[PDB]
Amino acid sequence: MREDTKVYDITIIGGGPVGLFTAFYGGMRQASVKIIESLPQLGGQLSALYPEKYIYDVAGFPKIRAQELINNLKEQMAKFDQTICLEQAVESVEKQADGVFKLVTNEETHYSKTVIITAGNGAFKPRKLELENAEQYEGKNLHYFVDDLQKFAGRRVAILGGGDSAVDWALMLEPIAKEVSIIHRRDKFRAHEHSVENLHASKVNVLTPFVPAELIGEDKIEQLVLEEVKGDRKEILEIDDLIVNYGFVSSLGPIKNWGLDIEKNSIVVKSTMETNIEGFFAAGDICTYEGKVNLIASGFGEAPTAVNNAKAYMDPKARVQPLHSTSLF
């Protein structure tokens, strides 16, 4: 655990499209801004689930690719400064006796005058390996997210899963690692067929249809035991690193432990976007009210409403109504 003692004006929970636009508007209102995001990148459901698909119902865009919209939002918010904390899932939020919010994640403790939660359906997290003692190896040689390929240089690597993530990493590691195995529970892969063709074409050891049965290693994982899906046959692999790419899940989880009023598995808001905790606002798919629609356009409307009301909360002489952007730049 570490601690960032700087009190930010606005801390945003979740860097999907609504959080990104919220960050922009915080900058517009001369607020210091932190974004905390569960995944190793920004973009929420758009970047995670349909980055290549076209969106037709965002105002002003006859058609726009999801990732393109996210890229536009990043460019928009780049005019201002934020501190962005990726791979952090907020698990605790408490308004302290001095009014300052304290936020705790899996990695770091943060402070803020206001919090705006833009969590969607809750934190995106990788699917964990469902083997009794898998957690023991987290922080050692069990990897869920991969960034630096060179740490696997000259090493025996096993990758679990059959999607684009598992296949892509297997192909990138083949020329770097001593040996690479990919283990998937069907003979048919879920990854793009061309990537799967290259995989079979490559020197990657493909083990299908198998599931992980056991992890062995007192300290570091040393052996991986596989079991065939149809039948009882087992295989043991000697490995230096295990990468698990089983996709992602989202849930509210600890968002329900902060004293917020929750209805429809979402955070209730007044028309100002404020929750039942003053200084704590919500926007986008995480929020609810009578007539709420879960759309990007709706969230993009909620964002400035939240930021502008947050600004008035922080500075009772600040007008909720912003000045014209046409004049300000």
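Quick note: we count residues from 1 along the sequence shown, nothing fancier.
Stretch with the higher entry mean CA B-factor, where the candidates are 215-223 and 68-76: Of 68-76 and 215-223, the stretch with the higher C-alpha B-factor average is 215-223.
Higher mean Cα B-factor in the deposited model: 125-133 or 97-105? Taking the mean C-alpha B-factor of 125-133 and of 97-105, the larger value falls to 125-133.
Out of 81, 148, 87, 91, whose C-alpha atom has the biggest B factor in the entry? Highest CA B-factor of the listed options: 148.
For the CA B factor values reported in this entry, which option in 117, 243, 255, 153 has the top one? Of the candidates given, the C-alpha B-factor peaks at 153.
State the tercile, meaning the lowest, middle or highest third, of residue 312 with respect to the CA B-factors recorded for its chain. Middle third.
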